Trainee: 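Sharing a structure here in structure tokens format.
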Amino acid sequence: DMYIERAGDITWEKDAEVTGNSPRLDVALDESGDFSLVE
Amino acid sequence: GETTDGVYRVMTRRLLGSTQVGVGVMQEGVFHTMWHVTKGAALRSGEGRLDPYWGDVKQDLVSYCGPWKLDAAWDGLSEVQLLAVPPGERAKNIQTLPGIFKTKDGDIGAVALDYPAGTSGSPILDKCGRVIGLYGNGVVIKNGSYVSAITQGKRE
Ligand SMILES: c1cnc2c(c1)NCCC2
């Protein structure tokens, strides 16, 4: 049995921690909703 | 149940203790999450029940109490924020410049941030605080790191 609990408001935070790169990838999406890399 | 707009954890007591299986967004009276989080099951909010209303396994999305309401889109140029809600941890904003998933059916923004599987359904926002998609359906690239699509539904 699943239940939900509030965790916060949805707002942009000024000066949030900035990280992560920006990869450009060729991908395929199957009928089951799974993404895979095309090489 | 609680109907206030915002981000919510999706919990289960079926396993050991209380386990966070995902996250979702309450907006305009509708609860939005990824299909793989709930598998389309009903949800509880206090003494109230939320029934599924729309879902699609291929998009990996589901809405409860009404139709999908989120329609903002990444502009293809600006940094966005993942409002990560990890299991047992406080909601935290992480800013990043999305990459791209290129597919035979068009390109989708993607965020290269790695969080526990229970963070699936966390919202990705633009600078106006609008939800441009949900985090948690993606791929594991060569170096073993996780890249999530920015998955957005259609507002009918
Ligand atoms: C963050 C969100 N979803 C997932 C992961 C991480 N890792 C594995 C596949 C699903």
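In each ligand, atom 1 is the first atom listed, and ligand 1 is the first ligand listed. Hydrogens, waters and symmetry mates are skipped; everything else that's a heavy atom, side chains included, is used. Letters A, B, ... mirror the listed sequences (proteins, then strands); counts begin at 1.
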Trainee: Passes side chain to side chain donor-acceptor pair (under 3.5 Å), B/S120 versus B/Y115? Steps please.
Mentor: CA-CA 8 Å; B/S120 289; B/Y115 281 96; over 6 Å; no
Trainee: Of all the non-hydrogen atoms in the protein, which one sits nearest to atom 8 (C) of ligand 1, and at what distance?
Mentor: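 Closest protein heavy atom to atom 8 (C) of ligand 1: B/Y146 CE1, 4.3 Å.
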Trainee: What class does the angle between the rings of B/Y64 and B/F31 fall in, given that below 30° is parallel, 30 to 60° is tilted and above 60° is perpendicular?
Mentor: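 Tilted, since the angle between the ring planes falls between 30° and 60°.
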Trainee: In terms of atom number and element, which parts of ligand 1 are under 4.0 angstrom from non-hydrogen atoms of B/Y135?
Mentor: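 In order of number, 1 (C), 2 (C).
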Trainee: Please identify which atoms of ligand 1 are closer than 4.0 Å to at least one heavy atom of B/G136.
Mentor: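 Numbered from 1, ligand 1 contributes 2 (C), 3 (N), 10 (C).
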Trainee: When you look at B/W68 and B/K154, which way does the side-chain contact (heavy atoms from CB on, under 4.5 Å) test go after all the steps?
Mentor: CA-CA 7 Å; B/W68 185 268; B/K154 163 166 195 165; 5.9 Å; no
Trainee: Check the pair B/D126, B/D75 against side-chain contact (heavy atoms from CB on, under 4.5 Å), reporting the backbone distance first and the verdict last.
Mentor: CA-CA 9 Å; B/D126 61 23; B/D75 70 4; over 6 Å; no
Trainee: Answer yes or no: does atom CG of A/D15 have more than 12 heavy-atom neighbours from other residues, nucleotides or ligands under 6.0 Å?
Mentor: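 No, not enclosed.
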Trainee: Which ligand 1 atoms does B/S120 reach within 4.0 Å, using its non-hydrogen atoms?
Mentor: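 Listed by number with element: 2 (C), 3 (N).
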Trainee: Below 4.0 angstrom from a heavy atom of B/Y115, which ligand 1 atoms are there? Numbered from 1 as shown, please.
Mentor: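 Listed by number with element: 1 (C), 6 (C).
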